[PDB]
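Worksheet for the structure shown next.
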Amino acid sequence: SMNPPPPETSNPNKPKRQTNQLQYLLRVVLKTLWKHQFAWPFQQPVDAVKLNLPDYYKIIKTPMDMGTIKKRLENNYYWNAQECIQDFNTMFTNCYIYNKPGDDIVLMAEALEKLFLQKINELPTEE
Ligand SMILES: Cc1cc(C)cc(Nc2nccc(-c3c(-c4ccc(F)cc4)ncn3C3CCNCC3)n2)c1
């Protein structure tokens, strides 16, 4: 089935700010996860057309990915760190919902999620 448009990444009507926590989420968390050997399926929206997954967006109605998260952080789309953390969590949960436990893609997500959690544990205090 057709892909949906990717998630919104810029909103001129949405107020903006820079915080040490958002800067960390971009320069440490996103960067580190991006470079991980298992990152590639998570670096862009799931192309369900190319992958022949006609039911993907019947099941997943809140898609998310790290390509989108990168843009959101760049465009100061987020007011707070929790919005961004929520997007990462959504990204992983979608993968877990659509797939069978122990599947390759799930082991890949679990490793990335482990690393994510280790990094957010070291989220700096809001300065
Ligand atoms: C042949 C092959 C094998 C593997 C292991 C991966 C891929 N490529 C690829 N690219 C983007 C997505 C997925 C994917 C996802 C998925 C879901 C959510 C998310 F955030 C990230 C990924 N969930 C399932 N998949 C596929 C669907 C077809 N069967 C393999 C898993 N797979 C291609």
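Please treat every number below as a calculation from the coordinates, not as lab data. Here Cβ is always computed from backbone atoms with ideal geometry, including for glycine, and neighbour counts include all displayed protein chains.
Loop-only check: which trypsin sites (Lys or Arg not before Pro) in segment 2-54 are DSSP coil with at most 16 other Cβ within 10 angstrom?
In loop regions of segment 2-54 (DSSP not H, G, I, E or B), the sparsely surrounded trypsin sites (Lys or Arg not before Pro) are 16, 17, 35, 50.
Taking θ = phi - 60°, what integer Hz values does the Karplus form 6.51 cos²θ - 1.76 cosθ + 1.60 yield along segment 17-23, in sequence order, with x for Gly and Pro?
Values, residue by residue: 7, 10, 9, 4, 6, 5, 5 Hz.
As a footprinting exposure proxy, order 65, 55 by other Cβ within 10 Å, with the fewest listed first.
55, 65
Obtain the nm distance between the two label points defined at residue 58 and residue 14 by a simple spin-label model: each point lies 7 Å from its Cα along the Cα-to-C-beta direction.
It works out to 3.0 nm between the two label points.
Out of all Cα-Cα pairs in segment 19-123, roughly what percent, to the nearest whole number, are more than 23 Å apart?
That fraction is 24 percent.
Work from the charge dipole of segment 19-123 (Cβ charges, +1 for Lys and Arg, -1 for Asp and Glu, about the Cα centre) and give the residue of 107, 67, 85 farthest towards its positive end.
Among 107, 67, 85, the one farthest towards the positive end of the dipole of segment 19-123 is 67.
Please enumerate, by chain and number, the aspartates and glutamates with C-alpha under 13 Å from the C-alpha of residue 119, excluding those fewer than 8 residues away in the same chain.
none
Would you mind calculating the gained length between residue 99 and residue 122 on full extension (0.36 nm times residue separation, minus the Cα-Cα distance), in nm to one decimal?
Residue separation times 0.36 nm, minus the Cα-Cα distance, leaves 5.3 nm.
Rounded to whole Å, give me the distance from the Cα center of segment 18-46 to that of segment 67-127.
Spelled out, the Cα-based centre of one part sits 8 Å from the other.
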